[PDB]
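K.L.:
Once you've seen the sequence and the experimental structure below, I've got questions.
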Amino acid sequence: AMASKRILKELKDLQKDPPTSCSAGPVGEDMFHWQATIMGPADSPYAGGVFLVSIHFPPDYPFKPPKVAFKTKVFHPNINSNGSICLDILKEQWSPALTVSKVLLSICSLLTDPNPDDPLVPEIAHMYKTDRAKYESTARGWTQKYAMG
Amino acid sequence: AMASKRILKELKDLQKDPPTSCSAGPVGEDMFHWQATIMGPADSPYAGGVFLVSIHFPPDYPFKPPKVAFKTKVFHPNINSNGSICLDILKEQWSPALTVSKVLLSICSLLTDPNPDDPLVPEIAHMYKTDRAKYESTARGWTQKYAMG
Amino acid sequence: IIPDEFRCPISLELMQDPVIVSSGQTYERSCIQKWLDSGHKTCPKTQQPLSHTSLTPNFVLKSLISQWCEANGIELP
Amino acid sequence: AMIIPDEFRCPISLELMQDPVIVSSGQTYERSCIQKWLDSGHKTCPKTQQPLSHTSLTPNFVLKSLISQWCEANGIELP
């Protein structure tokens, strides 16, 4: 109820000033359910990739953080195969004042500069630390398979 | 120096929205001295009266209350024959956010509803509580003797 | 268009009872209260810790809102 | 531009505020002015004459911002 107006007002503002490399909107008419599309940062082995992300809003939103999941596959130390994202905004540093926009920007930041020390996929984390060139290469190839087409 | 600034700007405010039954302003160009005129309120036994009032500003105005006295003789249980006004705002309950305007308004509320409970002339308070008709009449006579004209 | 100062960082609507937290930031009373009740002791907009958890009304902003509403024919919040 | 909104003026200085702060009563004053009143040993709100339920002076940022937008948009500087 309170959550419903807040999401409605958050969507309006998001479509006024959209985030830098990103697009988001309701899934049809369930405006408690949002799809966002993120372009791979250019500094990244993800450039030229289109990544789809799913957004569901908890009952006590904006006091509980939103549920944010990749739909596109990514070779990343902090995104697993189920599309779960290890991001502090999304778990513990959430605030009632942050927004979907902020979360999308933070996800782009992760894609540019992964955080291997808080791994969700330890093999990928290990590869990033010990063989970075293999990480960068394998990411280009995953981006090419599942994002660019 | 701050006191002078605060006085000149309080003066401009009074000129824009002057207080209700009252006119006030500086004596010549000496800016820390004001004379002010009060019209006796309608319900009161001072109706049709014109009463004059001196206002002397401390050096640490507004943090120190101004000196304010009747220069016109009145029959009031909280005003004395030397003009001294017994009103809490001028002594104990002064505030850096009160203005001459608010003080004049209080002096008006005083003439209309006097405080017997704290006199400065106990004779008149005794009359106000013993024989009100003696008071209203004595007041109206002092009004016409000294204030009408 | 509502001035952004008159909106709550949490609710994103025009504020009815604007109150200030020790950080110096202003919020709608019910929202900021709810978050403190949840047990968090941080200013949500700046994410820094709060020295004290006390809500002081922001009566000047209340006045400036009530005036803007009367100016722009909007219902008081 | 020439009529300063009353809400931007300090109840004590009657002057446009540079550093607005707020006391527990919810009233807002210039920092220097409310400080001089507290340093004189009065622990009461000048405007509501109610006794102050603490002494911390928290900044009124939203008010300071609005004063800046009004100043810039009319041409006034804020000494």
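P.N.:
Cool, the structure landed. Numbers count the residues shown, from 1 in each chain, chains lettered A, B, ... in the order given.
K.L.:
which ones are touching the nearest residue to residue C:51 once chain neighbours are set aside?
P.N.:
Closest residue to residue C:51 apart from its sequence neighbours, by CB to CB, 6 or more residues apart in numbering or on different chains: residue C:22 at 4.6 Å. No exception for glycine: its C-beta is placed from N, CA and C like everyone else's. Residues near residue C:22 by CB atoms under 8 Å, 6 or more residues apart in numbering or on different chains: C:43, C:50, C:51, C:52, C:53, C:54, D:56, D:58.
K.L.:
Let me know the secondary structure of residue C:22.
P.N.:
When classified by DSSP: H, G, I helix; E, B strand; the rest coil, residue C:22 comes out as coil.
K.L.:
And it, how close does it get to chain A?
P.N.:
From residue C:22 across to chain A, the span is 16 Å (CB to the nearest CB, to the nearest Å).
K.L.:
and the helix or strand that contains residue A:11, how far from the chain's centre?
P.N.:
Remark: residue A:11 resides in helix A:2-16, with elements defined by DSSP states H and E. Counting by CA atoms, centre = their mean, to the nearest Å, helix A:2-16 is centred 19 Å from the centre of its parent chain.
K.L.:
Also stretch A:58-71?
P.N.:
12 Å.
K.L.:
That stretch: which residues count as buried?
P.N.:
For stretch A:58-71, the buried set under the neighbour-count rule, 16 or more other CB atoms under 10 Å in any protein chain shown, comprises A:61, A:62, A:63, A:65, A:66, A:68, A:70.
K.L.:
With stretch C:38-45 instead?
P.N.:
Quick answer for stretch C:38-45 (16+ other CB under 10 Å): C:40, C:42, C:43, C:44, C:45.
K.L.:
Quick test: name the residue nearest the centre of the chain.
P.N.:
Chain wasn't specified; assuming chain A. Nearest to the mean C-alpha position of chain A, by CA atoms, centre = their mean, lies residue A:107 at 4.3 Å.
K.L.:
Can you look at chain C instead?
P.N.:
residue C:27 (1.9 Å).
K.L.:
who touches the closest residue to residue A:99 other than its chain neighbours in this structure?
P.N.:
Nearest residue to residue A:99 in three dimensions, chain neighbours excluded: residue A:10, at 5.8 Å (CB to CB, 6+ apart). Contact analysis of residue A:10 by CB under 8 Å, 6+ apart lists A:99, A:100, C:12.
K.L.:
sorry, back to before: strand partners of the helix or strand immediately after the helix holding residue A:11 in the chain, parallel vs antiparallel please.
P.N.:
Using DSSP H and E, the helix or strand that directly follows helix A:2-16 along the chain is strand A:22-27. Note on strand A:22-27: by DSSP bridges, its sheet partners are strand A:30-39 (antiparallel).
K.L.:
what's next to the strand it pairs with, contact-wise?
P.N.:
With CB under 8 Å, 6+ apart as the test, strand A:30-39 has contacts from A:4, A:7-8, A:11, A:21-27, A:49-57, A:100, A:104, A:107-108, A:111.
K.L.:
Kindly report the same for stretch C:1-10.
P.N.:
Counting by CB under 8 Å, 6+ apart, A:6, A:62, A:96-97, C:13-15, C:18, C:25, C:27-28, C:31-32, C:35, C:44-45, C:61, C:64-65, C:68, D:62, D:65-66 sit against stretch C:1-10.
K.L.:
and if we set it to 7 Å?
P.N.:
Residues from elsewhere that reach stretch C:1-10, judged by CB atoms under 7 Å, 6 or more residues apart in numbering or on different chains: A:62, A:96-97, C:13-15, C:27-28, C:31-32, C:44-45, C:65, C:68, D:62, D:65-66.
K.L.:
repeat for stretch A:132-149
P.N.:
Residues contacting stretch A:132-149 (CB under 7 Å, 6+ apart): A:40, A:45-46, A:48-51, A:72-75, A:127-128.
K.L.:
Derive a ChimeraX selection command for the buried subset of the residues you listed.
P.N.:
Here is the ChimeraX command that picks out the buried ones among the contacts of stretch A:132-149, judged by 16+ other CB under 10 Å:
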select /A:40,45,46,49,50,51,72,74,75,127,128
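K.L.:
Identify those among the contacts of stretch A:132-149 that sit within helices.
P.N.:
A:127, A:128 (DSSP state H).
K.L.:
Rebuild the contacts of stretch A:132-149 as TSV, extending it with distance to chain B.
P.N.:
Listed next are the contacts of stretch A:132-149 as TSV, based on distance: CB to the nearest CB, whole Å:
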residue	distance to chain B
A:40	60
A:45	64
A:46	61
A:48	65
A:49	63
A:50	62
A:51	59
A:72	62
A:73	66
A:74	62
A:75	66
A:127	68
A:128	63
